[PDB]
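Heads up, start.tsv below (TSV, N, CA and C atoms):
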```
chain	number	residue	atom	x	y	z
A	279	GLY	N	40.46	34.30	-7.48
A	279	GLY	CA	40.26	32.96	-6.96
A	279	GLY	C	39.01	32.31	-7.52
A	280	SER	N	39.07	30.99	-7.70
A	280	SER	CA	37.93	30.25	-8.24
A	280	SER	C	37.94	28.81	-7.73
A	281	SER	N	36.84	28.41	-7.10
A	281	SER	CA	36.71	27.06	-6.56
A	281	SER	C	35.29	26.54	-6.71
A	282	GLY	N	35.08	25.28	-6.36
A	282	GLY	CA	33.76	24.68	-6.47
A	282	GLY	C	33.77	23.20	-6.13
A	283	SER	N	32.65	22.72	-5.58
A	283	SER	CA	32.54	21.31	-5.21
A	283	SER	C	31.66	20.56	-6.21
A	284	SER	N	32.19	19.47	-6.75
A	284	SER	CA	31.46	18.66	-7.71
A	284	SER	C	31.55	17.18	-7.36
A	285	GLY	N	30.84	16.35	-8.12
A	285	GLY	CA	30.85	14.92	-7.88
A	285	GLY	C	29.49	14.40	-7.46
A	286	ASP	N	28.55	14.39	-8.40
A	286	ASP	CA	27.20	13.90	-8.13
A	286	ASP	C	27.21	12.42	-7.79
A	287	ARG	N	27.85	11.62	-8.65
A	287	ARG	CA	27.93	10.18	-8.44
A	287	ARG	C	26.65	9.65	-7.81
A	288	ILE	N	25.52	10.20	-8.23
A	288	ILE	CA	24.22	9.78	-7.71
A	288	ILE	C	23.71	8.54	-8.44
A	289	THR	N	24.47	8.09	-9.43
A	289	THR	CA	24.09	6.92	-10.21
A	289	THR	C	24.07	5.67	-9.34
A	290	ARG	N	23.06	4.82	-9.55
A	290	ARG	CA	22.92	3.59	-8.79
A	290	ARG	C	21.82	2.71	-9.37
A	291	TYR	N	21.97	1.40	-9.21
A	291	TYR	CA	20.99	0.45	-9.72
A	291	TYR	C	19.58	0.84	-9.29
A	292	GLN	N	18.58	0.19	-9.88
A	292	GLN	CA	17.19	0.47	-9.56
A	292	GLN	C	16.91	0.21	-8.09
A	293	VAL	N	16.97	1.27	-7.28
A	293	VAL	CA	16.72	1.15	-5.85
A	293	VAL	C	15.69	2.18	-5.39
A	294	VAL	N	14.46	1.71	-5.16
A	294	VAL	CA	13.38	2.59	-4.72
A	294	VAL	C	13.02	2.31	-3.26
A	295	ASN	N	13.27	1.08	-2.82
A	295	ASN	CA	12.97	0.69	-1.45
A	295	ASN	C	13.84	1.46	-0.46
A	296	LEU	N	13.19	2.07	0.54
A	296	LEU	CA	13.90	2.84	1.55
A	296	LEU	C	13.68	2.25	2.94
A	297	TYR	N	14.71	2.34	3.78
A	297	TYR	CA	14.63	1.81	5.14
A	297	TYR	C	14.50	2.94	6.16
A	298	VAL	N	13.36	2.98	6.85
A	298	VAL	CA	13.11	4.01	7.85
A	298	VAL	C	13.29	3.45	9.26
A	299	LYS	N	14.01	4.19	10.09
A	299	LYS	CA	14.26	3.78	11.47
A	299	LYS	C	13.95	4.92	12.44
A	300	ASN	N	13.87	4.58	13.73
A	300	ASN	CA	13.59	5.57	14.76
A	300	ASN	C	12.20	6.18	14.56
A	301	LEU	N	11.19	5.32	14.49
A	301	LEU	CA	9.81	5.77	14.31
A	301	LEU	C	9.13	5.98	15.65
A	302	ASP	N	8.95	7.24	16.03
A	302	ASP	CA	8.30	7.58	17.29
A	302	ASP	C	6.96	6.86	17.42
A	303	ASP	N	6.63	6.48	18.65
A	303	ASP	CA	5.37	5.78	18.91
A	303	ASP	C	4.19	6.54	18.32
A	304	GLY	N	4.28	7.87	18.33
A	304	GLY	CA	3.22	8.69	17.80
A	304	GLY	C	3.07	8.55	16.30
A	305	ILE	N	4.19	8.38	15.61
A	305	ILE	CA	4.18	8.23	14.16
A	305	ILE	C	3.63	6.86	13.75
A	306	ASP	N	2.59	6.88	12.92
A	306	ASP	CA	1.98	5.64	12.45
A	306	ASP	C	2.14	5.49	10.94
A	307	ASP	N	1.77	4.32	10.42
A	307	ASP	CA	1.88	4.05	8.99
A	307	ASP	C	1.51	5.29	8.18
A	308	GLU	N	0.24	5.67	8.22
A	308	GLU	CA	-0.24	6.83	7.49
A	308	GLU	C	0.76	7.98	7.58
A	309	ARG	N	1.09	8.38	8.80
A	309	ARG	CA	2.03	9.47	9.02
A	309	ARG	C	3.27	9.30	8.14
A	310	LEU	N	3.95	8.18	8.29
A	310	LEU	CA	5.15	7.90	7.50
A	310	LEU	C	4.87	8.06	6.01
A	311	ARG	N	3.97	7.23	5.49
A	311	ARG	CA	3.62	7.29	4.08
A	311	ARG	C	3.15	8.68	3.68
A	312	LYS	N	2.66	9.43	4.66
A	312	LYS	CA	2.17	10.79	4.42
A	312	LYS	C	3.33	11.78	4.39
A	313	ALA	N	4.44	11.40	5.01
A	313	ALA	CA	5.62	12.26	5.05
A	313	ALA	C	6.61	11.89	3.95
A	314	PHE	N	6.14	11.11	2.98
A	314	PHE	CA	6.98	10.69	1.87
A	314	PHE	C	6.37	11.09	0.53
A	315	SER	N	5.04	11.11	0.48
A	315	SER	CA	4.32	11.47	-0.74
A	315	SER	C	4.85	12.79	-1.30
A	316	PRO	N	5.02	13.78	-0.42
A	316	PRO	CA	5.52	15.10	-0.81
A	316	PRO	C	6.77	15.02	-1.69
A	317	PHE	N	7.41	13.86	-1.68
A	317	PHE	CA	8.61	13.65	-2.48
A	317	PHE	C	8.29	12.89	-3.77
A	318	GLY	N	7.61	11.76	-3.62
A	318	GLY	CA	7.25	10.96	-4.78
A	318	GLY	C	6.14	9.97	-4.48
A	319	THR	N	5.58	9.37	-5.52
A	319	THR	CA	4.50	8.40	-5.36
A	319	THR	C	4.97	7.19	-4.56
A	320	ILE	N	4.05	6.60	-3.80
A	320	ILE	CA	4.36	5.44	-2.98
A	320	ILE	C	3.42	4.28	-3.30
A	321	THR	N	4.00	3.09	-3.46
A	321	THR	CA	3.21	1.90	-3.76
A	321	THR	C	3.20	0.93	-2.58
A	322	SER	N	4.30	0.89	-1.84
A	322	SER	CA	4.42	0.01	-0.69
A	322	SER	C	5.01	0.75	0.51
A	323	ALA	N	4.18	0.99	1.52
A	323	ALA	CA	4.62	1.70	2.72
A	323	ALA	C	3.92	1.15	3.96
A	324	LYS	N	4.71	0.69	4.92
A	324	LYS	CA	4.17	0.14	6.16
A	324	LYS	C	5.22	0.13	7.26
A	325	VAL	N	4.77	0.19	8.51
A	325	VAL	CA	5.67	0.19	9.65
A	325	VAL	C	5.55	-1.11	10.45
A	326	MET	N	6.68	-1.66	10.85
A	326	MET	CA	6.70	-2.90	11.62
A	326	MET	C	6.16	-2.67	13.03
A	327	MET	N	5.18	-3.47	13.43
A	327	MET	CA	4.58	-3.35	14.75
A	327	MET	C	4.64	-4.68	15.50
A	328	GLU	N	4.91	-4.61	16.80
A	328	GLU	CA	4.99	-5.81	17.62
A	328	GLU	C	3.66	-6.09	18.31
A	329	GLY	N	2.57	-5.78	17.62
A	329	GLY	CA	1.25	-6.00	18.18
A	329	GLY	C	0.95	-5.08	19.35
A	330	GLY	N	0.46	-3.88	19.05
A	330	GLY	CA	0.15	-2.92	20.09
A	330	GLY	C	1.09	-1.73	20.09
A	331	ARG	N	2.37	-1.99	19.88
A	331	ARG	CA	3.37	-0.94	19.86
A	331	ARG	C	4.12	-0.92	18.53
A	332	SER	N	4.86	0.16	18.29
A	332	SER	CA	5.62	0.30	17.05
A	332	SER	C	7.09	-0.03	17.27
A	333	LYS	N	7.52	-1.17	16.73
A	333	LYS	CA	8.91	-1.60	16.86
A	333	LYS	C	9.86	-0.41	16.84
A	334	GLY	N	9.82	0.35	15.75
A	334	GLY	CA	10.68	1.51	15.62
A	334	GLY	C	11.37	1.57	14.28
A	335	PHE	N	10.74	1.00	13.26
A	335	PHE	CA	11.31	0.98	11.92
A	335	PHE	C	10.30	0.45	10.90
A	336	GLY	N	10.37	0.97	9.68
A	336	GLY	CA	9.46	0.53	8.64
A	336	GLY	C	10.10	0.54	7.27
A	337	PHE	N	9.29	0.35	6.23
A	337	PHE	CA	9.78	0.32	4.86
A	337	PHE	C	8.90	1.17	3.95
A	338	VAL	N	9.52	1.86	3.01
A	338	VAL	CA	8.79	2.71	2.07
A	338	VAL	C	9.31	2.53	0.65
A	339	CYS	N	8.39	2.35	-0.29
A	339	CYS	CA	8.75	2.16	-1.69
A	339	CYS	C	8.19	3.29	-2.56
A	340	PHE	N	8.94	3.67	-3.59
A	340	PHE	CA	8.52	4.74	-4.48
A	340	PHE	C	8.32	4.21	-5.90
A	341	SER	N	7.82	5.07	-6.78
A	341	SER	CA	7.57	4.69	-8.17
A	341	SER	C	8.88	4.61	-8.95
A	342	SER	N	9.75	5.59	-8.73
A	342	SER	CA	11.04	5.64	-9.41
A	342	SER	C	12.17	5.91	-8.43
A	343	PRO	N	13.33	5.27	-8.67
A	343	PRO	CA	14.51	5.42	-7.82
A	343	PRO	C	14.81	6.88	-7.49
A	344	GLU	N	15.01	7.69	-8.53
A	344	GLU	CA	15.30	9.11	-8.35
A	344	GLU	C	14.44	9.70	-7.23
A	345	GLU	N	13.13	9.57	-7.38
A	345	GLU	CA	12.20	10.09	-6.38
A	345	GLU	C	12.54	9.58	-4.99
A	346	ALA	N	12.86	8.29	-4.90
A	346	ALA	CA	13.21	7.67	-3.63
A	346	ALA	C	14.49	8.27	-3.06
A	347	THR	N	15.49	8.44	-3.92
A	347	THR	CA	16.77	9.00	-3.51
A	347	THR	C	16.57	10.27	-2.69
A	348	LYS	N	16.04	11.31	-3.32
A	348	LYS	CA	15.80	12.58	-2.65
A	348	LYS	C	15.31	12.35	-1.22
A	349	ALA	N	14.13	11.76	-1.09
A	349	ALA	CA	13.55	11.49	0.22
A	349	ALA	C	14.63	11.14	1.23
A	350	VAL	N	15.44	10.14	0.91
A	350	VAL	CA	16.52	9.71	1.79
A	350	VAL	C	17.18	10.90	2.48
A	351	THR	N	17.60	11.88	1.68
A	351	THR	CA	18.24	13.07	2.20
A	351	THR	C	17.22	14.07	2.72
A	352	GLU	N	16.25	14.42	1.88
A	352	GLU	CA	15.21	15.36	2.25
A	352	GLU	C	14.58	14.97	3.59
A	353	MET	N	14.76	13.72	3.97
A	353	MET	CA	14.21	13.22	5.23
A	353	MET	C	15.31	13.01	6.26
A	354	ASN	N	16.27	12.15	5.94
A	354	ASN	CA	17.38	11.87	6.84
A	354	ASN	C	17.80	13.12	7.60
A	355	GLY	N	17.54	13.13	8.90
A	355	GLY	CA	17.90	14.28	9.72
A	355	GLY	C	16.73	15.20	9.97
A	356	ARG	N	15.53	14.75	9.60
A	356	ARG	CA	14.32	15.54	9.79
A	356	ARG	C	13.61	15.15	11.08
A	357	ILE	N	13.48	16.11	11.99
A	357	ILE	CA	12.82	15.86	13.27
A	357	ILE	C	11.32	16.13	13.18
A	358	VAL	N	10.53	15.26	13.79
A	358	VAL	CA	9.08	15.40	13.78
A	358	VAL	C	8.51	15.36	15.19
A	359	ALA	N	9.01	14.42	15.99
A	359	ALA	CA	8.55	14.27	17.37
A	359	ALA	C	9.69	14.55	18.36
A	360	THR	N	10.62	13.61	18.45
A	360	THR	CA	11.76	13.75	19.36
A	360	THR	C	13.07	13.41	18.65
A	361	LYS	N	13.08	12.29	17.94
A	361	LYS	CA	14.27	11.85	17.22
A	361	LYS	C	14.08	12.02	15.72
A	362	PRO	N	15.21	12.12	14.99
A	362	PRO	CA	15.19	12.28	13.53
A	362	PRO	C	14.92	10.97	12.81
A	363	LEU	N	14.11	11.04	11.75
A	363	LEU	CA	13.76	9.85	10.97
A	363	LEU	C	14.97	9.35	10.19
A	364	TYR	N	15.61	8.30	10.70
A	364	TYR	CA	16.77	7.72	10.05
A	364	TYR	C	16.39	7.05	8.73
A	365	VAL	N	16.55	7.77	7.63
A	365	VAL	CA	16.22	7.24	6.31
A	365	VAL	C	17.48	6.84	5.55
A	366	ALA	N	17.46	5.64	4.99
A	366	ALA	CA	18.60	5.13	4.23
A	366	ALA	C	18.17	4.04	3.25
A	367	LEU	N	18.82	4.00	2.10
A	367	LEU	CA	18.51	3.01	1.08
A	367	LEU	C	18.78	1.60	1.59
A	368	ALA	N	17.88	0.67	1.27
A	368	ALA	CA	18.03	-0.72	1.69
A	368	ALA	C	18.69	-1.56	0.60
A	369	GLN	N	20.02	-1.57	0.59
A	369	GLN	CA	20.76	-2.34	-0.40
A	369	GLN	C	20.08	-3.67	-0.69
A	370	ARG	N	19.89	-4.47	0.35
A	370	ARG	CA	19.25	-5.77	0.21
A	370	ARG	C	17.91	-5.80	0.93
A	371	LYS	N	16.99	-6.62	0.44
A	371	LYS	CA	15.67	-6.74	1.03
A	371	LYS	C	15.50	-8.09	1.72
A	372	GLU	N	15.09	-8.07	2.99
A	372	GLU	CA	14.90	-9.29	3.75
A	372	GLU	C	13.42	-9.64	3.85
A	373	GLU	N	13.01	-10.70	3.16
A	373	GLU	CA	11.62	-11.13	3.17
A	373	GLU	C	11.50	-12.54	3.74
A	374	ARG	N	11.42	-12.64	5.06
A	374	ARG	CA	11.30	-13.93	5.73
A	374	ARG	C	10.03	-13.99	6.57
A	375	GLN	N	8.93	-14.36	5.94
A	375	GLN	CA	7.65	-14.45	6.63
A	375	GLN	C	7.65	-15.61	7.62
A	376	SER	N	7.86	-15.28	8.90
A	376	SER	CA	7.89	-16.30	9.95
A	376	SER	C	7.74	-15.65	11.32
A	377	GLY	N	7.63	-16.49	12.35
A	377	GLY	CA	7.49	-15.99	13.70
A	377	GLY	C	7.49	-17.10	14.74
A	378	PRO	N	7.85	-16.75	15.98
A	378	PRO	CA	7.90	-17.72	17.09
A	378	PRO	C	6.52	-18.04	17.63
A	379	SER	N	6.01	-19.22	17.28
A	379	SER	CA	4.69	-19.65	17.74
A	379	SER	C	4.64	-19.74	19.26
A	380	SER	N	4.24	-18.64	19.90
A	380	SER	CA	4.16	-18.59	21.35
A	380	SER	C	3.28	-17.43	21.81
A	381	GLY	N	2.85	-17.48	23.06
A	381	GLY	CA	2.01	-16.42	23.60
A	381	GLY	C	1.28	-16.85	24.86
```
Show me the file's structure as structure tokens.
Amino acid sequence: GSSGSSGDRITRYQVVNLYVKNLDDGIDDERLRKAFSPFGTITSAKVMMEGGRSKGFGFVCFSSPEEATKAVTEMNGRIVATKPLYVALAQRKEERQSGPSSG
């Protein structure tokens, strides 16, 4: 008998930006960016905060796509505090600098 699983199909356009979700309150920017370096260099890494608390999601960028890819998996499903860091490639990037003038 002889069998085997193949099909890398890891090919994809230049995508280094990663979308991180489920960021425990304890986990802060540094932490996140610190839990990604081990995979590849980072140029843009920050977590969205609602002023005082951590929304629960951030963004991480790498030097090269390949390096970013791994992280996605090497991370996706990795527990640190209570919930697993939901890591996934961000097909599209939403850059809308705005906010509700109120308080």
Enter the distance from atom N of residue 379 (chain A) to CA of residue 337 (chain A), in Å, rounded to one decimal.
23.5 Å
Long-range neighbours of residue 305 (chain A) as a count of residues only, 8 Å cut-off, all atoms listed in the file, 4 positions minimum in chain:
5
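Among the candidates A:293, A:352, A:360, A:307, the residue lying nearest to residue 326 (chain A) is A:307 (atoms considered: all atoms listed in the file).
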Nearest candidate to residue 306 (chain A) (options A:323, A:288, A:357, A:350; using only C-alpha atoms):
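Using only C-alpha atoms, residue 306 (chain A) sits closest to A:323.
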So which bits of chain A end up helix (DSSP H, G or I) when you DSSP the backbone, as a PyMOL selection string?
chain A and resi 307-312+343-353
List as a PyMOL selection string the residues having at least one atom at most 9 Å from position (15.6, 4.7, 18.0) as given in the file, counting only C-alpha atoms.
chain A and resi 299-302+334-335+361-364
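Atom C of residue 297 (chain A) lies 4.9 Å from atom C of residue 365 (chain A).
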Taking into account all atoms listed in the file, which residue in the set A:328, A:289, A:295, A:303 is nearest to residue 369 (chain A)?
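Between A:328, A:289, A:295, A:303, the residue approaching residue 369 (chain A) most closely is A:295.
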Counting only C-alpha atoms, the residue of A:286, A:320, A:345, A:304 that sits nearest residue 358 (chain A)
A:304
Between atom C of residue 336 (chain A) and atom C of residue 380 (chain A), distance in Å (one decimal)
24.1 Å
Render region 282-359 of chain A from the structure in the preceding block as a file of C-alpha atoms, as a PDB file, in the first residue's frame.
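Full text of selection.pdb as output:
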```
ATOM      1  CA  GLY A 282      -0.001  10.511   0.721  1.00  0.00           C
ATOM      2  CA  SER A 283      -1.561  13.955   1.055  1.00  0.00           C
ATOM      3  CA  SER A 284      -0.429  16.751  -1.263  1.00  0.00           C
ATOM      4  CA  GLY A 285      -1.597  20.150  -2.470  1.00  0.00           C
ATOM      5  CA  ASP A 286       0.352  23.101  -1.089  1.00  0.00           C
ATOM      6  CA  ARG A 287      -1.531  25.705  -3.124  1.00  0.00           C
ATOM      7  CA  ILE A 288       0.079  28.187  -0.734  1.00  0.00           C
ATOM      8  CA  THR A 289       0.537  30.604  -3.634  1.00  0.00           C
ATOM      9  CA  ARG A 290      -1.148  33.984  -3.194  1.00  0.00           C
ATOM     10  CA  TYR A 291      -0.737  37.668  -4.044  1.00  0.00           C
ATOM     11  CA  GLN A 292       1.495  39.859  -1.880  1.00  0.00           C
ATOM     12  CA  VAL A 293      -0.356  39.557   1.430  1.00  0.00           C
ATOM     13  CA  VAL A 294       1.574  40.325   4.615  1.00  0.00           C
ATOM     14  CA  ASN A 295      -1.159  42.089   6.586  1.00  0.00           C
ATOM     15  CA  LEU A 296      -2.746  39.781   9.161  1.00  0.00           C
ATOM     16  CA  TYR A 297      -6.000  40.180  11.090  1.00  0.00           C
ATOM     17  CA  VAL A 298      -5.884  39.264  14.779  1.00  0.00           C
ATOM     18  CA  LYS A 299      -9.062  38.759  16.805  1.00  0.00           C
ATOM     19  CA  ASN A 300     -10.017  37.674  20.324  1.00  0.00           C
ATOM     20  CA  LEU A 301      -7.327  39.709  22.083  1.00  0.00           C
ATOM     21  CA  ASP A 302      -7.560  39.097  25.829  1.00  0.00           C
ATOM     22  CA  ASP A 303      -7.629  42.258  27.942  1.00  0.00           C
ATOM     23  CA  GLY A 304      -4.296  41.147  29.366  1.00  0.00           C
ATOM     24  CA  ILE A 305      -2.701  40.986  25.926  1.00  0.00           C
ATOM     25  CA  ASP A 306      -1.372  44.380  24.840  1.00  0.00           C
ATOM     26  CA  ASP A 307       0.259  45.745  21.686  1.00  0.00           C
ATOM     27  CA  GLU A 308       3.770  44.725  22.737  1.00  0.00           C
ATOM     28  CA  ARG A 309       2.534  41.251  23.670  1.00  0.00           C
ATOM     29  CA  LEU A 310       0.932  40.721  20.261  1.00  0.00           C
ATOM     30  CA  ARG A 311       3.847  42.128  18.265  1.00  0.00           C
ATOM     31  CA  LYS A 312       6.049  40.119  20.628  1.00  0.00           C
ATOM     32  CA  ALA A 313       4.174  36.912  19.810  1.00  0.00           C
ATOM     33  CA  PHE A 314       4.740  37.418  16.084  1.00  0.00           C
ATOM     34  CA  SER A 315       8.424  38.337  15.842  1.00  0.00           C
ATOM     35  CA  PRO A 316       9.337  34.683  16.518  1.00  0.00           C
ATOM     36  CA  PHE A 317       7.906  34.083  13.045  1.00  0.00           C
ATOM     37  CA  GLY A 318       9.064  37.079  11.029  1.00  0.00           C
ATOM     38  CA  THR A 319       9.996  40.758  11.095  1.00  0.00           C
ATOM     39  CA  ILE A 320       7.212  43.238  11.841  1.00  0.00           C
ATOM     40  CA  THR A 321       6.866  46.793  10.535  1.00  0.00           C
ATOM     41  CA  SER A 322       3.274  47.605  11.488  1.00  0.00           C
ATOM     42  CA  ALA A 323       1.662  46.103  14.588  1.00  0.00           C
ATOM     43  CA  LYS A 324      -1.006  47.617  16.836  1.00  0.00           C
ATOM     44  CA  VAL A 325      -4.200  46.684  18.679  1.00  0.00           C
ATOM     45  CA  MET A 326      -7.483  48.589  18.453  1.00  0.00           C
ATOM     46  CA  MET A 327      -8.442  50.167  21.778  1.00  0.00           C
ATOM     47  CA  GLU A 328     -11.664  51.921  22.785  1.00  0.00           C
ATOM     48  CA  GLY A 329      -9.823  54.245  25.149  1.00  0.00           C
ATOM     49  CA  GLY A 330      -9.043  52.370  28.344  1.00  0.00           C
ATOM     50  CA  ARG A 331      -9.994  48.881  27.192  1.00  0.00           C
ATOM     51  CA  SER A 332      -8.975  46.585  24.334  1.00  0.00           C
ATOM     52  CA  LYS A 333     -11.704  46.224  21.709  1.00  0.00           C
ATOM     53  CA  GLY A 334     -10.598  42.667  21.002  1.00  0.00           C
ATOM     54  CA  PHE A 335      -8.787  42.747  17.666  1.00  0.00           C
ATOM     55  CA  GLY A 336      -5.698  44.206  16.019  1.00  0.00           C
ATOM     56  CA  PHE A 337      -3.510  44.208  12.917  1.00  0.00           C
ATOM     57  CA  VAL A 338      -0.017  42.858  12.245  1.00  0.00           C
ATOM     58  CA  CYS A 339       2.236  43.345   9.220  1.00  0.00           C
ATOM     59  CA  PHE A 340       5.346  41.398   8.214  1.00  0.00           C
ATOM     60  CA  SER A 341       8.321  42.009   5.924  1.00  0.00           C
ATOM     61  CA  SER A 342       7.442  39.222   3.489  1.00  0.00           C
ATOM     62  CA  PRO A 343       4.174  37.376   2.746  1.00  0.00           C
ATOM     63  CA  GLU A 344       5.658  33.921   3.316  1.00  0.00           C
ATOM     64  CA  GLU A 345       6.706  34.911   6.836  1.00  0.00           C
ATOM     65  CA  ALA A 346       3.212  36.282   7.454  1.00  0.00           C
ATOM     66  CA  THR A 347       1.539  33.130   6.138  1.00  0.00           C
ATOM     67  CA  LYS A 348       3.148  30.780   8.659  1.00  0.00           C
ATOM     68  CA  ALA A 349       2.160  32.960  11.615  1.00  0.00           C
ATOM     69  CA  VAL A 350      -1.476  32.673  10.538  1.00  0.00           C
ATOM     70  CA  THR A 351      -1.319  28.931  11.192  1.00  0.00           C
ATOM     71  CA  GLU A 352       1.515  28.827  13.727  1.00  0.00           C
ATOM     72  CA  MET A 353      -0.772  31.143  15.697  1.00  0.00           C
ATOM     73  CA  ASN A 354      -4.364  30.388  14.698  1.00  0.00           C
ATOM     74  CA  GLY A 355      -5.513  28.111  17.504  1.00  0.00           C
ATOM     75  CA  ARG A 356      -2.812  29.161  19.956  1.00  0.00           C
ATOM     76  CA  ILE A 357      -4.037  29.751  23.508  1.00  0.00           C
ATOM     77  CA  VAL A 358      -2.285  32.299  25.723  1.00  0.00           C
ATOM     78  CA  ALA A 359      -4.818  33.506  28.289  1.00  0.00           C
TER      79      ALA A 359
END
```
